[PDB]
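Working notes, beginning with the structure itself.
In what follows, chains carry the letters A, B, and so on, assigned in the order in which the sequence lines appear, proteins first and then strands, with residues in each chain numbered from 1. Below, all heavy atoms of this structure are taken into account, side chains as well, without hydrogens, waters or symmetry copies.
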Amino acid sequence: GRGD
Amino acid sequence: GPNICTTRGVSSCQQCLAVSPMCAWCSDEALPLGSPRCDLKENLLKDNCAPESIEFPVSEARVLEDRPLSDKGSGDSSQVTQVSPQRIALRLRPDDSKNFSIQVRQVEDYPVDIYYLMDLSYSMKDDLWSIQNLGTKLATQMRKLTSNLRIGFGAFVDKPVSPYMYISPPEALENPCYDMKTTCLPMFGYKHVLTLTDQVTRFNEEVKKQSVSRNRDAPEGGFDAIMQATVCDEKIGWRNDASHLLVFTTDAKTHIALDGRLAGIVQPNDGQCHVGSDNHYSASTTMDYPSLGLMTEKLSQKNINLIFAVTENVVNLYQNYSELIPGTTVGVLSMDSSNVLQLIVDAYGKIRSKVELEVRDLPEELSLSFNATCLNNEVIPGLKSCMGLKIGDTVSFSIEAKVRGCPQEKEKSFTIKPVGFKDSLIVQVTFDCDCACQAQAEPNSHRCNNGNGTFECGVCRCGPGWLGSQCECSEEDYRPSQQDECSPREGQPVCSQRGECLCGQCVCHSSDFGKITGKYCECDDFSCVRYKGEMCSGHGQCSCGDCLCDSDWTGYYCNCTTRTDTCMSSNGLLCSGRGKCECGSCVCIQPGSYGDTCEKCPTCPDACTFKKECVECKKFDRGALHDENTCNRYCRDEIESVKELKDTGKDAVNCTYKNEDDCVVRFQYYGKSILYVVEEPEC
Amino acid sequence: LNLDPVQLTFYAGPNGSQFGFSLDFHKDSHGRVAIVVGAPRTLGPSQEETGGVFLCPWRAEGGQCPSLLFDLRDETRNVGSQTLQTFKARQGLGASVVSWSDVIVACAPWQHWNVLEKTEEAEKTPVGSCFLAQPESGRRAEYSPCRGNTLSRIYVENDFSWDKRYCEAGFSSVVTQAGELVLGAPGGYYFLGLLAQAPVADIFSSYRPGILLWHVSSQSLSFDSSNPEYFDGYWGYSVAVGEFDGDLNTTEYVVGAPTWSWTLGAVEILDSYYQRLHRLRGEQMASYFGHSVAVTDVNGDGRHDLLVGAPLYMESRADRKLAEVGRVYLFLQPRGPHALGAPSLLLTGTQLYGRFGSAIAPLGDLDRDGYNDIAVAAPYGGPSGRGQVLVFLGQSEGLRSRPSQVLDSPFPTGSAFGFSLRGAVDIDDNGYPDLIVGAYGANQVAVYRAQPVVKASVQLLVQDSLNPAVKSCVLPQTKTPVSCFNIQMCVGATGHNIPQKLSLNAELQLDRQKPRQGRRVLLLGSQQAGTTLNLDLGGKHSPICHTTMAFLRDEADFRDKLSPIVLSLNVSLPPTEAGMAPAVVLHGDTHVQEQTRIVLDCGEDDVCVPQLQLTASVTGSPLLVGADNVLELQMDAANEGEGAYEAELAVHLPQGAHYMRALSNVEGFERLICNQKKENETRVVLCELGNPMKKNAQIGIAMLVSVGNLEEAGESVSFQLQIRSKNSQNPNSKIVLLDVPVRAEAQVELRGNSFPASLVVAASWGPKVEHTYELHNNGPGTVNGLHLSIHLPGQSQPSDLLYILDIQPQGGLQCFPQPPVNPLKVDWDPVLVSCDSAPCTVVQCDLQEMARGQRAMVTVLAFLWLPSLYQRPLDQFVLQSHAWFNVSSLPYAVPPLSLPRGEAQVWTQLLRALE
Ligand SMILES: *[C@@H]1O[C@H](CO)[C@@H](O[C@@H]2O[C@H](CO)[C@@H](O[C@@H]3O[C@H](CO)[C@@H](O)[C@H](O)[C@@H]3O)[C@H](O)[C@H]2NC(C)=O)[C@H](O)[C@H]1NC(C)=O
Ligand SMILES: *[C@@H]1O[C@H](CO)[C@@H](O[C@@H]2O[C@H](CO)[C@@H](O[C@@H]3O[C@H](CO)[C@@H](O)[C@H](O)[C@@H]3O)[C@H](O)[C@H]2NC(C)=O)[C@H](O)[C@H]1NC(C)=O
Ligand SMILES: *[C@@H]1O[C@H](CO)[C@@H](O[C@@H]2O[C@H](CO)[C@@H](O)[C@H](O)[C@H]2NC(C)=O)[C@H](O)[C@H]1NC(C)=O
Ligand SMILES: *[C@@H]1O[C@H](CO)[C@@H](O[C@@H]2O[C@H](CO)[C@@H](O)[C@H](O)[C@H]2NC(C)=O)[C@H](O)[C@H]1NC(C)=O
Ligand SMILES: *[C@@H]1O[C@H](CO)[C@@H](O[C@@H]2O[C@H](CO)[C@@H](O)[C@H](O)[C@H]2NC(C)=O)[C@H](O)[C@H]1NC(C)=O
Ligand SMILES: *[C@@H]1O[C@H](CO)[C@@H](O)[C@H](O)[C@H]1NC(C)=O
Ligand SMILES: *[C@@H]1O[C@H](CO)[C@@H](O)[C@H](O)[C@H]1NC(C)=O
Ligand SMILES: *[C@@H]1O[C@H](CO)[C@@H](O)[C@H](O)[C@H]1NC(C)=O
Ligand SMILES: [Ca+2]
Ligand SMILES: [Ca+2]
Ligand SMILES: [Ca+2]
Ligand SMILES: [Ca+2]
Ligand SMILES: [Ca+2]
Ligand SMILES: [Ca+2]
Ligand SMILES: [Ca+2]
Ligand SMILES: [Mg+2]
């Protein structure tokens with residue numbers, strides 16, 4: 001959902 | 001004549017030359033106590049006083065060296081000249097200006113080296129596959145534009161620090177994507193892999209051996225890699241005589257300076273090369289990210305063009321960055337980097353289509369006004385850049401250099417260089433204030449009252465206390481007077497309430513925070529209007545209460561700029577042809593037009609309304625405007641081609657213009673302006 | 001201003017420990033003030049950079065400090081099946097130290113936390129921690145609000161929701177006056193930004209040694225957000241507390257988000273429940289707006305003012321180039337409910353890469369002038385790039401743009417001087433707050449002590465006219481009668497804690513304008529034009545007045561008998577310093593100047609009594625509200641009496657009005673020297689009319705005044721005009737009052753065009769024709785009741801001769817066409833085809849409120865009916881669309897002059913090709  | 005030269009000065013050659021550029025001086029002994037020594041040359045010459053002794057310096061510009069502009073490029077790199085002349089010498093008298101012209105050419109077949117700096121996050125795994133044979137594809141598309149092409153490769157993920165990186169379990173340090181059941185390289189900050197080489201097959205080999213790594217936070221350490229690629233000139237392999245393209249491919253936000261506090265890194269990034277023999281950024285974990293200002297300094301210094309080959313999700317972010325980093329272009333990148341080859345070629349063509357001049361090491365006493373001829377022969381005033389050029393086009397800029405008074409340095413030199421060009425013009429300015437008569441100076445001459453004052457240039461410059469033409473009137477001995485000219489007119493205040501009426505001449509006061517000068521001590525240099533708390537807006541020198549605006553500025557308050565670079569709109573016309581330029585700002589005279597450059601208007605005539613004559617100008621060459629040069633000066637579209645009637649991808653202006661032959665000319669306008677004019681209309 | 005830059009106290013820490021990264025004043029129980037210094041890289045027992053905190057006692061010579069011992073051993077406990085772990089290597093302890101009451105709060109932002117359960121782990125990350133200590137009692141406590149025991153697998157399935165594994169709590173810390181610790185966690189919620197608060201008492205009570213993971217009962221954390229703007233915003237990079245809602249009971253937090261909204265930056269003011277009250281968006285991207293935030297009252301209004309720092313701001317240089325210098329924003333808090341708009345001031349650094357605004361430290365009342373002051377830091381500023389700290393003094397309307405003092409770094413290059421600042425504490429106890437500057441690059445802290453400030457007040461009294469024929473005194477050593485006049489020079493120095501041995505040198509100059517031999521007035525005692533009295537005011541609470549005798553020189557000697565005689569009093573500290581720093585700083589009006597003149601053609605009475613007349617006439621009567629009105633206050637002045645001394649024209653300008661320029665009709669004196677001044681509560685402009693304004697002299701002055709802010713006024717605004725002089729009898733002219741009406745007016749542009757304008761139809765889907773109507777609120781005032789009615793011929797059906805589609809109100813004015821447009825979802829001599837022929841499709845476009853200069857555009861999508869085009873292919877049609885403009889009323893107190901109304905017509909020429 002969030003990040004690389 | 002009541003010119004400024006005769007009113008002021010009239011004390012020494014040194015002072016009169018600073019009165020104004022047009023003033024002269026006569027050191028001849030003739031005209032004893034008659035006509036003023038200082039005046040226009042014809043006035044002085046007319047009243048005799050011409051034993052070739054007039055000191056009237058003239059500002060001159062000399063071209064020390066000007067090799068002709070090379071027309072072919074390539075060949076011998078040392079002999080490739082893109083700016084002419086290359087060195088010019090300026091001799092400016094006090095507060096004088098001299099104009100000089102330069103030419104800039106985009107030489108064909110100019111060598112280009114492209115350095116590929118690819119983000120290697122885990123989301124770039126798809127991108128790295130399509131790049132597999134980008135070396136040969138890029139070479140084929142560039143060999144038609146440049147004989148000497150060299151390509152390099154570099155990669156970046158982020159700082160290998162505790163945040164931004166997975167440090168647990170211990171296996172994660174070797175295989176960061178191990179939690180996803182996959183293999184990847186350990187995280188790295190910046191990794192130079194292939195130095196710029198002409199062997200394009202090397203690029204394919206190196207990319208095939210590359211792999212991706214996984215970090216934690218969305219932002220990447222891209223700007224860290226850009227700084228190292230720019231400043232590691234020896235490692236990367238940039239050529240001084242070549243177009244430097246730095247393709248920066250990424251698909252995520254970028255860390256900026258001061259972000260290193262999260263990792264505990266507080267040391268500011270110095271623009272130094274820290275890529276070691278292992279080709280890794282040594283200071284990745286001990287130095288903060290570079291700031292936008294620092295990157296622009298190094299990009300400008302190294303003559304490197306930066307290309308933001310970013311994806312759709314961050315196109316606006318990097319476009320806004322490009323605004324703060326002049327000289328950068330942004331290109332939309334596919335999610336698999338499948339169009340990077342076309343993105344680079346379009347970016348390179350866009351880079352070589354513009355010429356912008358920049359001034360370096362400009363002395364504070366000098367100002368410059370630039371006029372651009374650009375394509376055709378229209379001299380757009382106050383413009384230092386020309387857009388829309390193609391390879392081989394030559395643009396000429398006329399520059400006028402004005403000096404603020406008489407600087408004491410006497411030797412200054414600044415460089416005028418187009419952005420991204422190694423070539424530049426070196427201007428050497430030599431100020432000329434004092435006159436030749438000063439060489440024959442008598443410190444104590446019998447003529448000046450038995451040597452109580454210095455004699456030089458045909459007059460007496462008396463020492464302290466003693467005043468008068470021959471220094472024989474003293475200071476207070478002649479308090480009474482009978483031929484005194486202290487009052488400019490009868491009944492007026494003596495010396496304008498700012499001087500002492502001794503020995504006829506008005507001796508002005510101490511002139512605190514200024515200097516009172518004049519025949520009646522009326523002039524000064526501290527009474528000019530202060531626009532924003534600065535006299536003459538700090539863009540001019542006060543001359544007897546009048547703001548003498550230098551070049552680059554104008555107006556009573558010297559606050560209206562002559563620069564028109566702001567007007568220049570993407571359209572290529574000052575303020576989009578819909579208005580004029582007032583002190584930079586655009587006045588949208590065109591009804592219904594507005595914006596910073598009067599470029600956006602939704603209630604104006606449609607393209608067809610005018611593009612109909614654009615096709616009539618070239619596609620037909622009949623009716624009118626074909627002899628008005630509008631077909632080339634104004635009509636940048638294409639001539640009659642076809643009527644695909646399916647090109648609605650972007651800019652689909654359907655026009656059924658009716659010609660004089662009654663044929664229904666169906667032409668389509670289509671951000672290079674292209675006109676899909678019907679091959680032959682149907683009557 | 002009064003900070004002493006010579007006698008500095010230097011505190012040194014271990015080499016390479018970054019001693020000085022953060023510091024604060026600590027006042028123990030006894031009242032003595034000590035300095036708490038954080039060293040986030042001090043080596044621990046295992047020779048690792050754990051960090052440390054040093055508690056420096058106040059010593060004049062400074063030196064080394066004793067460290068404040070904290071636990072630095074990695075901990076590990078087995079709770080059930082889990083293995084809680086704490087890693088303190090490179091934890092950066094002391095990176096944020098804050099002192100409250102008897103508690104020292106030093107945080108370790110980068111301390112790591114990990115939980116192990118079977119093979120699965122918690123993904124060891126920098127949760128951060130903060131250590132609390134009471135140096136007197138020896139109490140120790142810890143607070144790590146972001147520690148958790150949730151495995152990494154659970155976060156993946158929950159889309160990293162409430163993910164606090166990388167808070168770095170203690171990155172920025174502040175303690176409210178009530179005693180509640182507030183921690184900033186820029187990495188909380190997956191680098192979204194988090195804020196943690198908990199009472200200090202509850203942290204101590206609930207702390208238990210050996211328990212790595214506990215929950216403070218009264219702690220409250222910020223809330224996670226799904227808004228993409230907050231992503232990677234580092235919300236909590238800097239934190240400050242203050243009052244911003246008018247309720248003293250509640251405390252409000254100021255949180256900086258330097259990378260909020262894609263590196264735009266923002267500072268948010270939120271109440272104790274984290275409900276946002278106001279947001280201040282950054283001005284430039286990547287400028288790191290909100291890097292440092294300070295809350296203080298800089299204008300003495302009783303309401304806290306917000307200061308925001310943008311270290312990496314790039315100001316637009318004059319050469320159209322961007323230079324990174326940094327900027328500090330001042331947001332004065334308005335009266336009543338908070339309405340913080342644009343910044344009230346913009347302090348910009350000068351040195352390139354100086355990072356001006358990197359640290360902002362309130363200084364309290366540094367000079368005790370009644371307005372609080374601040375010290376902005378430039379850790380890499382200054383001419384040599386070694387860093388400097390600038391001091392700005394508060395005033396009645398914010399801060400002063402000019403820095404009253406500039407402290408340069410006494411350490412080598414790259415010392416980060418001024419990276420951390422702290423003030424508002426009187427460390428030496430001399431009545432003046434002092435400043436401590438940290439330089440972690442040099443591992444030293446510099447203490448600047450504020451010196452006492454002396455408020456000198458010089459007053460010079462002298463006659464107004466001199467009559468040489470009234471010789472009374474006699475020149476000493478002779479009897480030659482001369483004209484003598486008394487000169488009184490009162491000097492008074494006041495201040496708090498000033499020395500009792502205060503001496504001042506008062507320099508008197510008579511007729512300073514003229515050269516030394518040009519002096520016309522001399523002192524009887526020395527027969528010279530000038531003296532330097534040595535006045536000692538130690539212990540004197542009233543001004544010291546001295547009187548001297550000055551005589552006018554002989555009439556035959558000096559010929560100039562018209563230029564006014566100028567008397568100057570200079571006043572300055574004695575040179576007793578003998579090289580040492582003066583214990584005091586002289587401030588205030590130390591220089592005064594008074595004029596006197598020989599009685600010239602004043603008549604047989606020997607007194608110049610002038611008569612002054614004034615006439616007021618304003619040009620540009622309509623003062624459109626919300627418009628930059630420029631008024632030419634043409635005026636005439638007549639000195640019908642005798643000579644007027646120091647004649648000045650007084651104009652009382654309202655708050656909206658501002659002086660621009662004044663030009664006279666005298667060729668010699670065309671431009672008048674006008675000095676803007678804020679007289680008691682009304683700003684006034686003083687323009688000279690000639691010092692000896694001659695008899696029977698008439699001067700016409702045309703002044704241009706910019707009048708604005710007319711919204712907060714009545715139907716009219718008036719000006720006060722008066723001519724005031726320095727004569728004895730009849731010194732001033734009758735006050736002339738000029739009133740100018742105030743009106744609100746606006747105009748709107750109604751324009752539209754056809755796209756394409758014409759489309760030859762060769763004669764369902766076919767040619768495309770759309771009409772766009774745009775409205776521009778060119779009027780000076782805003783418009784309300786925006787109404788538009790477009791008359792479109794047709795029916796949007798086969799009966800319609802030109803099919804229509806959805807109408808797009810781009811401006812934002814919705815409308816309903818009379819016949820329902822596009823009944824089907826699918827997009828399938830000329831005669832004036834107005835809307836009359838078919839059912840007139842009229843759209844009720846209403847925007848109501850219209851901003852000044854705002855443009856709204858409405859466009860209609862239509863297509864020529866393919867079946868209808870084939871039928872009647874010999875009839876040229878020009879589809880005419882007509883619209884009508886309408887305004888309810890201008891939203892102002894008096895919106896007269898009717899309302900803007902327009903009548904525009906747009907038509908498309910089919911031009912039947914087969915007509
Ligand atoms: C990148 O492009 C520019 C760089 O300066 C900026 O775009 C602007 O972003 C702001 C904030 O999202 C937009 O604000 C809104 O504007 C409307 C009026 O147009 C107003 O009614 C709203 O209340 C709000 O303030 C602004 O329109 C927009 N400007 C343009 C021309 O698009 C911004 O820094 C970046 N834009 C991004 C990231 O979308
Ligand atoms: C760049 O282009 C501008 C516009 O052509 C140049 O300024 C203009 O230059 C001409 C020629 O020197 C000036 O003509 C003059 O007219 C005035 C009276 O109006 C007269 O006093 C001068 O002696 C001269 O005959 C013109 O005034 C001037 N400005 C304008 C507004 O047209 C400018 O010099 C060019 N710069 C360079 C570096 O070539
Ligand atoms: C500065 O401006 C003058 C014109 O004011 C230039 O002199 C002209 O130079 C061109 C090219 O040699 C000639 O065709 C013109 O005839 C010249 N003057 C005119 C108007 O007759 C001059 O070259 C400019 N700058 C330099 C480099 O001296
Ligand atoms: C340069 O300064 C002048 C003033 O010295 C500015 O002229 C003003 O312009 C505004 C806007 O039109 C008017 O409201 C004022 O009355 C003008 N003042 C005058 C005429 O004295 C001018 O706009 C400035 N130019 C720039 C580019 O800032
Ligand atoms: C603004 O629009 C309103 C209608 O929305 C106008 O008032 C109506 O005008 C029509 C046509 O003259 C009349 O038949 C109605 O009876 C009016 N309604 C009223 C008066 O409530 C109005 O005139 C327009 N602008 C103004 C203020 O003149
Ligand atoms: C208008 O022109 C575009 C571009 O040629 C084309 O795609 C579209 O079909 C045309 N529309 C018509 C013919 O109505
Ligand atoms: C806050 O507490 C004080 C008690 O000191 C009380 O007087 C005040 O009313 C409280 N605030 C509100 C909004 O009630
Ligand atoms: C200043 O003006 C206010 C408002 O007219 C008045 O109340 C006050 O007394 C004045 N103060 C003076 C004259 O010192
Ligand atoms: Ca991808
Ligand atoms: Ca990252
Ligand atoms: Ca409150
Ligand atoms: Ca305040
Ligand atoms: Ca103060
Ligand atoms: Ca003190
Ligand atoms: Ca009288
Ligand atoms: Mg990524």
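For B:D524 (side chain) and B:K515 (main-chain N/O), no donor-acceptor pair under 3.5 Å exists by modelled atom type. Checking side-chain atoms of C:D408 against main-chain N and O of C:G387 turns up no donor-acceptor pair under 3.5 Å. C:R59 places a side-chain N or O within 3.5 Å of a backbone atom of C:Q64 that can act as its donor or acceptor partner. Using modelled atom types, one side-chain atom of C:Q500 and one backbone atom of C:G539 make a donor-acceptor pair closer than 3.5 Å. Side-chain atoms of C:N534 do not come within 3.5 Å of backbone N or O of C:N505 as any donor-acceptor pair. Side chain of C:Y432 to backbone of C:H496: a donor-acceptor contact under 3.5 angstrom is found. Under a 3.5 Å cut-off, the side chain of C:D511 and the backbone N or O of C:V566 do not form any donor-acceptor pair.
Between the side chains of C:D606 and C:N467, at least one donor N or O lies within less than 3.5 Å of an accepting N or O. No hydrogens or angles considered: a donor-acceptor pair under 3.5 Å links the side chains of C:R512 and C:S568. Side-chain atoms of C:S725 and C:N727 include a donor-acceptor pair closer than 3.5 Å. C:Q595 and C:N691 share a donor-acceptor pair across their side chains, judged by distance under 3.5 Å alone.
Around NZ of C:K501, the count of heavy atoms belonging to other residues, nucleotides or ligands within 6.0 Å does not exceed 12. Within a 6.0 Å radius of NZ in C:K561, other residues, nucleotides and ligands contribute more than 12 heavy atoms. Environment of NZ in C:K514: crowded, with over 12 heavy atoms of neighbouring residues, nucleotides or ligands closer than 6.0 Å.
Using a 4.5 Å heavy-atom cutoff, the side chains of C:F356 and C:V328 are in contact. Taking 4.5 Å as the limit, every side-chain heavy atom of C:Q488 sits out of range of all side-chain heavy atoms of C:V462. The side-chain heavy atoms of C:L399 and C:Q395, taken from C-beta on, include no pair separated by under 4.5 Å. Using a 4.5 Å cut-off on side-chain heavy atoms (C-beta onward), C:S404 and C:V391 make contact. Put simply, the side chain of C:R683 reaches to within 4.5 Å of the side chain of C:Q676, judged on heavy atoms. Side chains of C:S396 and C:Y371 form a contact here, defined as non-hydrogen atoms less than 4.5 Å apart.
Among all heavy-atom pairs drawn from C:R386 and C:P412, the shortest one is CD-C, 3.9 Å. The minimum heavy-atom distance linking C:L435 with C:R422 is given by the pair CD1-O, 3.1 Å. Minimum interatomic distance between C:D369 and C:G394 (heavy atoms only, all atoms of both residues): OD2-O, 4.0 Å.
In this structure, CD1 in C:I487 is found 4.0 Å from CG in C:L510, a value given to the nearest 0.5 Å. Distance check, rounded to the nearest 0.5 Å: CZ of B:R498 to CD of B:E500 gives 12.0 Å. Interatomic distance, C:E397 CD to C:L332 CG, rounded to the nearest 0.5 Å: 9.0 Å. Taking CG from C:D434 and CG from C:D428, the interatomic distance works out to 4.5 Å, rounded to the nearest 0.5 Å. Atom-to-atom distance recorded for C:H26:NE2 and C:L23:CG is 14.5 Å, nearest 0.5 angstrom. Atom CG of C:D28 is separated from atom CZ of C:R32 by 5.0 Å, given to the nearest 0.5 angstrom.
Aromatic ring pairs are classed by plane angle as parallel below 30°, tilted from 30° to 60° and perpendicular above 60°; the pair C:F411 and C:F417 is tilted.
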Worked check of side-chain contact (heavy atoms from CB on, under 4.5 Å) between C:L466 and C:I565: CA-CA 10 Å; C:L466 276 55; C:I565 302 177; 4.3 Å; yes
Full working for side-chain contact (heavy atoms from CB on, under 4.5 Å) between C:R449 and C:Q7: CA-CA 8 Å; C:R449 282 173 286 176; C:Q7 298 300 345; 3.9 Å; yes
Derivation and outcome, side-chain contact (heavy atoms from CB on, under 4.5 Å), residues C:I374 and C:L393: CA-CA 7 Å; C:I374 74 173; C:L393 302 184; over 6 Å; no
Stepwise side-chain hydrogen bond (donor to acceptor under 3.5 Å, both in side chains) check, C:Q463 with C:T596: CA-CA 6 Å; C:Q463 301 186 0; C:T596 183; over 6 Å; no
Check against side-chain contact (heavy atoms from CB on, under 4.5 Å), C:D305 and C:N372: CA-CA 10 Å; C:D305 304 330; C:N372 296 17; over 6 Å; no
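Figure legend: C:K27 and C:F25 shown without cation-pi pairing, the cationic atom not lying both under 6.0 angstrom from the six-membered ring centre and within 45 degrees of its axis. Relative to the ring axis of C:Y645, C:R597 places its NZ or CZ within 45° and under 6.0 Å from the centre.
Screening residues 573-589 of chain C for side-chain hydrogen bond (donor to acceptor under 3.5 Å, both in side chains), with sequence neighbours left out, gives no hits.
Each of C:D373, C:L307, C:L347 was compared with C:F392 under the side-chain contact (heavy atoms from CB on, under 4.5 Å) criterion, and only C:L347 meets it.
Under the 2.5 Å cut-off for SG-SG separation, B:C495 and B:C501 do not qualify: their sulfur atoms lie farther apart than that.
In terms of the side-chain contact (heavy atoms from CB on, under 4.5 Å) criterion, residue partners of B:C508 (sequence neighbours excluded) are, by chain and number, B:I516, B:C521.
No close placement of the C:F19 and C:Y11 rings is indicated, their centers lying 6.0 Å or farther apart.
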